[PDB]
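Report on the following structure.
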Amino acid sequence: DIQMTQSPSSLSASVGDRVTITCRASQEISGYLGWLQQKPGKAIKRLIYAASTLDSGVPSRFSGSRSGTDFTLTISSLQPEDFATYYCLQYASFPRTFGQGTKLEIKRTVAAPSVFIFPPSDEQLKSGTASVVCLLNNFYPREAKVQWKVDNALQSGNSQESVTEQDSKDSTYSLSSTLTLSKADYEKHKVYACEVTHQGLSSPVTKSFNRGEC
Amino acid sequence: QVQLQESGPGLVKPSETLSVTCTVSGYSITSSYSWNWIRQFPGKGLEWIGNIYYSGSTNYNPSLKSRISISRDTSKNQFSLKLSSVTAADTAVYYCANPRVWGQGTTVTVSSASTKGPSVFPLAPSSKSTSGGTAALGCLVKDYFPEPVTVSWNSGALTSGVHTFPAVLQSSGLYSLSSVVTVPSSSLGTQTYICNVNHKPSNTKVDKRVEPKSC
Ligand SMILES: CCCCC/C=C\C\C=C/C=C/C=C/[C@@H](SC[C@H](NC(=O)CC[C@H](N)C(=O)O)C(=O)NCC(=O)O)[C@@H](O)CCCC(=O)O
Ligand SMILES: [Zn+2]
Ligand SMILES: [Zn+2]
Ligand SMILES: [Zn+2]
């Protein structure tokens with residue numbers, strides 16, 4: 001088929017920086033390539049078609065061009081809302097084919113997370129399982145380490161992490177870490193703590209609670 | 001003018017036929033344009049499935065040509081995809097699109113497992129989720145299958161500060177996620193907060209009040 005090779009797979013750049021995304025076609029496609037932008041919670045949006053025709057409403061900082069079988073999307077003057085995954089699509093032939101995509105992150109100043117902790121609910125404690133949740137708010141960069149401690153003992157294999165997509169306004173992330181314990185194990189121990197390390201923290205931040213305290 | 005909306009079963013058994021439908025509004029599918037089906041896999045890759053033109057002529061991706069049909073109902077302004085002999089590899093978000101406008105998509109999972117609606121547990125605000133006049137609270141949405149759930153707060157009246165995290169597949173084979181919101185700490189004794197969880201595949205709707213720690 002006509003194969004589109006998209007590079008790079010991911011990018012990180014500052015507000016006002018310029019980025020270039022490239023798609024190379026395995027054979028001639030004339031100028032029949034479009035560029036697409038996928039933002040979180042939003043329908044996929046076309047930015048450009050015919051290699052260099054901007055759709056109405058799309059800011060002029062988005063620029064499509066071509067040289068032979070090499071196609072480029074150049075985004076100048078990057079803004080926080082430009083966080084997205086970008087795809088090329090060729091329509092010179094059947095089947096239509098997509099590039100592999102480019103994930104674009106917007107850089108910002110290092111921001112340390114604020115950390116909150118949530119004990120299991122009384123409702124859940126009626127079941128056999130207790131979930132403990134540690135929440136990390138509004139941080140950058142995305143890399144963060146959460147260590148769970150139960151009565152000072154380091155936990156492993158019983159927690160899962162989830163991270164939000166980058167915020168379109170302040171370019172921060174938020175993270176949830178969920179510790180899953182059997183109710184039998186939960187009611188045996190007293191001190192439950194999440195220890196958070198991050199680039200913006202000079203020392204670890206620990207948030208803790210004592211089980212059953214009223 | 002064109003608006004597009006996908007519909008279809010969220011869960012299909014292997015070897016059966018997956019059917020999805022696009023309802024088009026504000027423009028006749030007989031007037032012009034290609035009317036396309038596209039899918040996005042869990043790995044995030046996009047694939048063009050096929051099209052039907054205003055004329056009724058169809059084009060199918062050769063990788064799918066033996067198990068695909070695209071048809072239309074011009075009296076309903078709808079067009080549909082049928083994909084037969086499905087496997088778990090057909091699990092994807094299915095989108096319809098004309099050349100410019102895409103629908104938001106419909107999620108289809110291929111599995112032999114039956115559907116399960118979530119349990120919803122409060123993440124209560126307390127001293128340990130409050131700092132400088134801002135408090136965090138939420139809901140834990142646990143043990144559902146398949147994707148997706150939608151989570152609102154206060155029936156859609158609360159949107160500011162809401163973070164609904166991506167679902168994670170638990171070791172049980174069931175999905176789980178949390179939805180949290182940051183609110184003024186001054187509001188906790190006064191303003192009611194309820195998370196509204198909708199799981200369309202199991203026709204499960206749950207409202208859960210999230211009240212401050214009473215201890
Ligand atoms: C190729 C479709 C794949 C599915 C979507 C995925 C990615 C989108 C990326 C690129 C799209 C490029 C579209 C180019 C239009 S050119 C722009 C296009 N115009 C037409 O399709 C022409 C229709 C008109 N009635 C005419 O024939 O003059 C259009 O978008 N019109 C309405 C509007 O502006 O809203 C034509 O040159 C090719 C259309 C081929 C097709 O529809 O199969
Ligand atoms: Zn233990
Ligand atoms: Zn202990
Ligand atoms: Zn937030």
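We name chains A, B, ... following the order of the structure tokens; residues begin at 1 in each chain, and ligands are numbered from 1 as shown.
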
At most 9 Å is the cut-off: for each residue in chain B with any atom that close to an atom of chain A, write down the nearest atom pair and the distance in Å rounded to one decimal, counting only C-alpha atoms, chain first then increasing number, as a tab-separated table.
residue	atom	partner	partner_atom	distance
B:44	CA	A:101	CA	8.5
B:45	CA	A:100	CA	6.2
B:46	CA	A:98	CA	6.3
B:47	CA	A:98	CA	6.7
B:48	CA	A:96	CA	6.0
B:49	CA	A:95	CA	8.1
B:50	CA	A:95	CA	7.6
B:59	CA	A:94	CA	7.7
B:60	CA	A:95	CA	7.2
B:61	CA	A:95	CA	5.2
B:62	CA	A:95	CA	7.2
B:99	CA	A:46	CA	8.7
B:100	CA	A:46	CA	6.0
B:101	CA	A:45	CA	7.0
B:102	CA	A:44	CA	6.0
B:103	CA	A:43	CA	6.0
B:104	CA	A:43	CA	4.6
B:105	CA	A:43	CA	7.6
B:119	CA	A:124	CA	8.9
B:120	CA	A:124	CA	8.7
B:121	CA	A:124	CA	6.5
B:122	CA	A:121	CA	6.2
B:123	CA	A:118	CA	5.9
B:124	CA	A:118	CA	6.8
B:125	CA	A:118	CA	7.7
B:126	CA	A:118	CA	8.2
B:128	CA	A:117	CA	5.9
B:129	CA	A:116	CA	4.6
B:130	CA	A:116	CA	7.4
B:131	CA	A:114	CA	8.6
B:136	CA	A:116	CA	7.5
B:137	CA	A:118	CA	8.5
B:140	CA	A:131	CA	8.8
B:163	CA	A:164	CA	7.2
B:164	CA	A:164	CA	7.5
B:165	CA	A:164	CA	5.5
B:166	CA	A:162	CA	6.2
B:167	CA	A:162	CA	7.5
B:168	CA	A:162	CA	7.1
B:170	CA	A:160	CA	8.4
B:177	CA	A:162	CA	8.1
B:178	CA	A:176	CA	7.6
B:180	CA	A:135	CA	8.7
B:214	CA	A:214	CA	8.1
B:215	CA	A:214	CA	4.4

Output for the residues just chosen: N, CA and C atoms as a compact mmCIF listing (two decimals), in the first residue's frame:
# COMPACT_ATOMS: atom_id res chain seq x y z
N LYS B 44 -3.33 3.15 19.82
CA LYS B 44 -3.47 4.54 19.31
C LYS B 44 -3.37 4.70 17.79
N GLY B 45 -2.97 3.64 17.10
CA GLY B 45 -2.90 3.64 15.64
C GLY B 45 -4.26 3.87 14.99
N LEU B 46 -4.25 4.61 13.88
CA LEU B 46 -5.46 4.86 13.10
C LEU B 46 -5.46 4.02 11.84
N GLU B 47 -6.64 3.55 11.45
CA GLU B 47 -6.82 2.77 10.23
C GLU B 47 -8.08 3.21 9.49
N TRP B 48 -7.93 3.53 8.21
CA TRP B 48 -9.08 3.82 7.35
C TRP B 48 -9.71 2.50 6.91
N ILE B 49 -10.99 2.32 7.26
CA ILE B 49 -11.71 1.07 7.01
C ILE B 49 -12.31 1.05 5.61
N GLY B 50 -12.97 2.13 5.24
CA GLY B 50 -13.62 2.20 3.94
C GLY B 50 -14.49 3.42 3.80
N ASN B 59 -15.71 1.78 -1.25
CA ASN B 59 -14.30 1.41 -1.31
C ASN B 59 -13.91 0.83 0.03
N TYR B 60 -13.30 -0.35 0.01
CA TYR B 60 -12.89 -1.04 1.22
C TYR B 60 -11.38 -1.20 1.29
N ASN B 61 -10.83 -1.02 2.49
CA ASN B 61 -9.42 -1.33 2.74
C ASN B 61 -9.17 -2.80 2.40
N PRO B 62 -8.20 -3.08 1.51
CA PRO B 62 -7.90 -4.46 1.11
C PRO B 62 -7.59 -5.42 2.27
N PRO B 99 -14.98 14.28 4.43
CA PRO B 99 -13.58 14.67 4.28
C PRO B 99 -13.03 15.59 5.38
N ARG B 100 -13.89 16.38 6.02
CA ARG B 100 -13.45 17.32 7.05
C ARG B 100 -13.86 16.96 8.48
N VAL B 101 -15.15 16.67 8.68
CA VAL B 101 -15.72 16.50 10.02
C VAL B 101 -15.73 15.04 10.46
N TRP B 102 -15.21 14.78 11.67
CA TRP B 102 -15.26 13.46 12.28
C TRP B 102 -16.25 13.46 13.44
N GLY B 103 -16.93 12.34 13.65
CA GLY B 103 -17.73 12.15 14.87
C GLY B 103 -16.83 11.87 16.06
N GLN B 104 -17.40 11.89 17.26
CA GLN B 104 -16.64 11.67 18.49
C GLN B 104 -16.24 10.21 18.69
N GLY B 105 -16.90 9.32 17.96
CA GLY B 105 -16.57 7.89 17.99
C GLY B 105 -17.42 7.06 18.93
N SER B 119 -19.11 -0.44 40.51
CA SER B 119 -19.41 0.05 41.84
C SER B 119 -18.77 1.43 41.94
N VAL B 120 -19.42 2.33 42.68
CA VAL B 120 -18.93 3.70 42.81
C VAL B 120 -18.78 4.02 44.29
N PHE B 121 -17.58 4.41 44.68
CA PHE B 121 -17.26 4.69 46.09
C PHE B 121 -16.78 6.13 46.24
N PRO B 122 -17.19 6.81 47.33
CA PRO B 122 -16.76 8.19 47.53
C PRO B 122 -15.29 8.32 47.93
N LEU B 123 -14.64 9.36 47.41
CA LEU B 123 -13.34 9.79 47.91
C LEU B 123 -13.60 11.08 48.69
N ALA B 124 -13.84 10.92 49.99
CA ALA B 124 -14.32 12.00 50.84
C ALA B 124 -13.28 13.09 51.07
N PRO B 125 -13.70 14.36 51.00
CA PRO B 125 -12.77 15.43 51.36
C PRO B 125 -12.54 15.41 52.87
N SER B 126 -11.32 15.75 53.28
CA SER B 126 -10.97 15.83 54.69
C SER B 126 -9.80 16.80 54.86
N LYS B 128 -6.87 15.94 55.13
CA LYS B 128 -5.78 15.34 54.36
C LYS B 128 -5.95 15.48 52.84
N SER B 129 -7.01 16.17 52.42
CA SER B 129 -7.20 16.51 51.01
C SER B 129 -7.49 18.00 50.81
N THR B 130 -7.10 18.81 51.80
CA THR B 130 -7.35 20.24 51.79
C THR B 130 -6.06 21.04 52.05
N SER B 131 -5.86 22.09 51.26
CA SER B 131 -4.74 23.01 51.46
C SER B 131 -5.06 24.40 50.93
N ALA B 136 -9.87 18.73 47.77
CA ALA B 136 -10.09 17.72 46.74
C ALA B 136 -11.05 16.65 47.23
N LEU B 137 -11.91 16.20 46.33
CA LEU B 137 -12.83 15.10 46.59
C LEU B 137 -13.02 14.33 45.29
N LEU B 140 -14.39 6.84 43.23
CA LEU B 140 -13.68 5.69 42.68
C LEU B 140 -14.69 4.83 41.93
N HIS B 163 -11.01 16.30 37.11
CA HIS B 163 -10.08 15.40 36.41
C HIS B 163 -10.59 13.97 36.50
N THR B 164 -11.02 13.44 35.36
CA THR B 164 -11.39 12.04 35.27
C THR B 164 -10.23 11.29 34.62
N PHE B 165 -9.59 10.43 35.41
CA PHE B 165 -8.38 9.75 34.98
C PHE B 165 -8.67 8.66 33.97
N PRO B 166 -7.70 8.38 33.07
CA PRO B 166 -7.80 7.23 32.18
C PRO B 166 -8.02 5.94 32.96
N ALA B 167 -8.86 5.06 32.44
CA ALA B 167 -9.11 3.77 33.07
C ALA B 167 -7.86 2.91 33.04
N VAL B 168 -7.70 2.08 34.07
CA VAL B 168 -6.65 1.08 34.11
C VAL B 168 -7.29 -0.31 34.21
N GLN B 170 -7.42 -3.73 35.66
CA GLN B 170 -6.97 -4.40 36.88
C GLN B 170 -6.58 -5.85 36.58
N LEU B 177 -11.27 3.42 37.48
CA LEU B 177 -10.75 4.78 37.37
C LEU B 177 -11.24 5.63 38.53
N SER B 178 -10.58 6.76 38.75
CA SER B 178 -11.07 7.75 39.70
C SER B 178 -11.37 9.05 38.96
N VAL B 180 -11.79 13.06 40.15
CA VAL B 180 -11.60 13.98 41.26
C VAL B 180 -11.95 15.41 40.85
N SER B 214 -17.02 12.46 58.33
CA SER B 214 -17.79 12.67 59.56
C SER B 214 -17.09 12.05 60.78
N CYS B 215 -15.79 12.31 60.89
CA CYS B 215 -14.94 11.82 61.98
C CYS B 215 -13.63 12.60 62.02

Close residues, residue B:76 itself excluded, 9 Å, only C-alpha atoms, min 4 positions apart in chain, as a PyMOL selection string: chain B and resi 23-24+72

Test item: residues at most 9 Å from residue B:114, only C-alpha atoms, excluding those fewer than 4 positions along its chain, as JSON, numbers by chain: {"B": [11, 145, 146]}

12 Å contact set for residue A:185, only C-alpha atoms, chain neighbours under 6 positions out, as a PyMOL selection string: chain A and resi 125+128-131+150-151+192+211

Strand (DSSP E) call set, DSSP backbone run, stretch 19-180 of chain A, as a PyMOL selection string: chain A and resi 19-25+33-38+45-49+53-54+62-67+70-75+84-90+97-98+102-107+114-118+129-139+144-150+153-154+159-163+173-180

Stretch 195-202 of chain A environment, 8 Å, only C-alpha atoms, sequence neighbours closer than 3 positions dropped, as a PyMOL selection string: chain A and resi 110-113+115+140-141+143-149+205-207

What do you get as a short mmCIF file (atom, residue, chain, number, x, y, z; two decimals) with C-alpha atoms, in the first residue's frame if you pick all residues at most 9 Å from ligand 3, counting only C-alpha atoms and all ligand atoms?
data_model
loop_
_atom_site.label_atom_id
_atom_site.label_comp_id
_atom_site.auth_asym_id
_atom_site.auth_seq_id
_atom_site.Cartn_x
_atom_site.Cartn_y
_atom_site.Cartn_z
CA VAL A 150 2.05 0.26 55.22
CA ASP A 151 3.33 0.42 58.83
CA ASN A 152 6.67 1.64 57.36
CA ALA A 153 6.90 -1.41 55.06
CA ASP A 185 -4.75 -6.99 55.45
CA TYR A 186 -6.16 -3.46 55.75
CA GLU A 187 -7.67 -3.99 59.23
CA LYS A 188 -4.39 -5.53 60.48
CA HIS A 189 -2.29 -2.38 59.95
CA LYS A 190 -2.48 1.20 61.25
CA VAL A 191 -0.34 3.70 59.30
#

Separation of atom CA of residue A:126 from atom CA of residue B:183, in Å and rounded to one decimal: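 Value for the atom CA of residue A:126-atom CA of residue B:183 distance: 28.4 Å.
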
All helix (DSSP H, G or I) residues (DSSP, backbone) inside stretch 1-206 of chain A, as a list in words: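 Going through stretch 1-206 of chain A, the helix (DSSP H, G or I) residues come out as residues 80, 81, 82, 124, 125, 126, 183, 184, 185 and 186 of chain A.
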
Restrict the selected residues to N, CA and C atoms and save them as a compact mmCIF listing (two decimals), in the first residue's frame.
# COMPACT_ATOMS: atom_id res chain seq x y z
N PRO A 80 0.03 26.57 24.87
CA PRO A 80 -0.35 25.44 25.74
C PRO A 80 -1.45 24.55 25.16
N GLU A 81 -2.42 25.15 24.46
CA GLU A 81 -3.53 24.39 23.88
C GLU A 81 -3.14 23.54 22.66
N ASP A 82 -1.87 23.62 22.25
CA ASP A 82 -1.39 22.84 21.10
C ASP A 82 -1.01 21.41 21.48
N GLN A 124 -17.09 0.74 50.68
CA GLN A 124 -16.19 -0.26 50.10
C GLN A 124 -15.74 -1.28 51.13
N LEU A 125 -15.54 -0.84 52.37
CA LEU A 125 -15.10 -1.73 53.44
C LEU A 125 -16.13 -2.81 53.80
N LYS A 126 -17.34 -2.70 53.26
CA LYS A 126 -18.33 -3.77 53.35
C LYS A 126 -17.94 -4.95 52.46
N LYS A 183 -9.27 -6.51 52.57
CA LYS A 183 -9.84 -5.96 53.81
C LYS A 183 -9.15 -6.58 55.03
N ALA A 184 -8.84 -7.88 54.94
CA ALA A 184 -8.16 -8.60 56.02
C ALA A 184 -6.79 -8.01 56.33
N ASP A 185 -6.04 -7.66 55.29
CA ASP A 185 -4.75 -6.99 55.45
C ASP A 185 -4.92 -5.56 55.93
N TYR A 186 -5.92 -4.86 55.39
CA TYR A 186 -6.16 -3.46 55.75
C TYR A 186 -6.45 -3.27 57.25

Atomic separation - atom CA of residue A:88 relative to atom 9 (C, counted along the ligand's line) of ligand 1, Å: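 Atom CA of residue A:88 lies 7.7 Å from atom 9 (C, counted along the ligand's line) of ligand 1.
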
Within 9 Å of residue B:95, counting only C-alpha atoms, which residues show up once you throw out same-chain ones fewer than 2 positions away? Write them as an mmCIF file with N, CA, C and O atoms, in the first residue's frame, please.
data_model
loop_
_atom_site.group_PDB
_atom_site.id
_atom_site.type_symbol
_atom_site.label_atom_id
_atom_site.label_comp_id
_atom_site.auth_asym_id
_atom_site.auth_seq_id
_atom_site.Cartn_x
_atom_site.Cartn_y
_atom_site.Cartn_z
ATOM 1 N N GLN B 5 -22.623 11.366 14.143
ATOM 2 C CA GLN B 5 -22.703 10.672 15.423
ATOM 3 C C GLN B 5 -22.770 9.165 15.230
ATOM 4 O O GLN B 5 -23.646 8.659 14.525
ATOM 5 N N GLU B 6 -21.837 8.466 15.869
ATOM 6 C CA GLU B 6 -21.746 7.011 15.797
ATOM 7 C C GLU B 6 -22.586 6.342 16.871
ATOM 8 O O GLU B 6 -22.728 6.862 17.981
ATOM 9 N N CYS B 22 -23.599 5.450 11.520
ATOM 10 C CA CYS B 22 -23.357 6.883 11.581
ATOM 11 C C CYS B 22 -24.644 7.614 11.224
ATOM 12 O O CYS B 22 -25.206 7.390 10.156
ATOM 13 N N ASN B 36 -16.965 8.122 5.408
ATOM 14 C CA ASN B 36 -15.870 7.219 5.764
ATOM 15 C C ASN B 36 -16.041 6.568 7.124
ATOM 16 O O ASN B 36 -16.640 7.148 8.028
ATOM 17 N N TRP B 37 -15.492 5.364 7.249
ATOM 18 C CA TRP B 37 -15.304 4.711 8.540
ATOM 19 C C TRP B 37 -13.815 4.587 8.825
ATOM 20 O O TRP B 37 -13.036 4.210 7.953
ATOM 21 N N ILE B 38 -13.432 4.928 10.054
ATOM 22 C CA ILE B 38 -12.049 4.901 10.509
ATOM 23 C C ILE B 38 -12.078 4.303 11.906
ATOM 24 O O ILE B 38 -13.064 4.451 12.625
ATOM 25 N N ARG B 39 -11.015 3.604 12.291
ATOM 26 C CA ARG B 39 -10.923 3.135 13.669
ATOM 27 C C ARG B 39 -9.572 3.426 14.309
ATOM 28 O O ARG B 39 -8.552 3.510 13.622
ATOM 29 N N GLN B 40 -9.583 3.577 15.633
ATOM 30 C CA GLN B 40 -8.371 3.775 16.414
ATOM 31 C C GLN B 40 -8.234 2.672 17.454
ATOM 32 O O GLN B 40 -9.135 2.444 18.265
ATOM 33 N N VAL B 93 -11.994 2.238 18.891
ATOM 34 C CA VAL B 93 -12.980 3.301 18.741
ATOM 35 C C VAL B 93 -13.273 3.433 17.248
ATOM 36 O O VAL B 93 -12.349 3.559 16.438
ATOM 37 N N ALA B 97 -16.697 9.867 9.344
ATOM 38 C CA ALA B 97 -16.186 11.164 8.907
ATOM 39 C C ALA B 97 -16.525 11.432 7.452
ATOM 40 O O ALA B 97 -16.477 10.528 6.625
ATOM 41 N N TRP B 102 -15.211 14.783 11.667
ATOM 42 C CA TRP B 102 -15.262 13.457 12.285
ATOM 43 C C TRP B 102 -16.251 13.464 13.441
ATOM 44 O O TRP B 102 -16.379 14.467 14.149
ATOM 45 N N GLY B 103 -16.929 12.340 13.651
ATOM 46 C CA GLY B 103 -17.726 12.146 14.866
ATOM 47 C C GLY B 103 -16.827 11.871 16.061
ATOM 48 O O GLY B 103 -15.626 11.644 15.900
ATOM 49 N N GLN B 104 -17.404 11.890 17.262
ATOM 50 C CA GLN B 104 -16.638 11.673 18.492
ATOM 51 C C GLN B 104 -16.239 10.210 18.687
ATOM 52 O O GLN B 104 -15.350 9.906 19.483
ATOM 53 N N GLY B 105 -16.902 9.316 17.959
ATOM 54 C CA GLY B 105 -16.567 7.894 17.989
ATOM 55 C C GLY B 105 -17.421 7.064 18.926
ATOM 56 O O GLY B 105 -18.026 7.587 19.871
ATOM 57 N N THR B 106 -17.475 5.764 18.647
ATOM 58 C CA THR B 106 -18.125 4.798 19.532
ATOM 59 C C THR B 106 -17.160 3.644 19.823
ATOM 60 O O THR B 106 -16.487 3.141 18.921
#

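The residue that comes closest to residue B:207, out of B:141, B:107, B:147, B:184 and on the basis of only C-alpha atoms, is B:141.
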
Best match for closeness to ligand 1 among A:93, A:12, A:26, A:39, counting only C-alpha atoms and all ligand atoms: A:93

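The space between atom 29 (C, counted along the ligand's line) of ligand 1 and atom CA of residue B:92 spans 25.8 Å.
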
Residue B:117 surroundings by only C-alpha atoms, 10 Å radius, close-in-sequence under 2 positions cut, as a count of residues only: 20
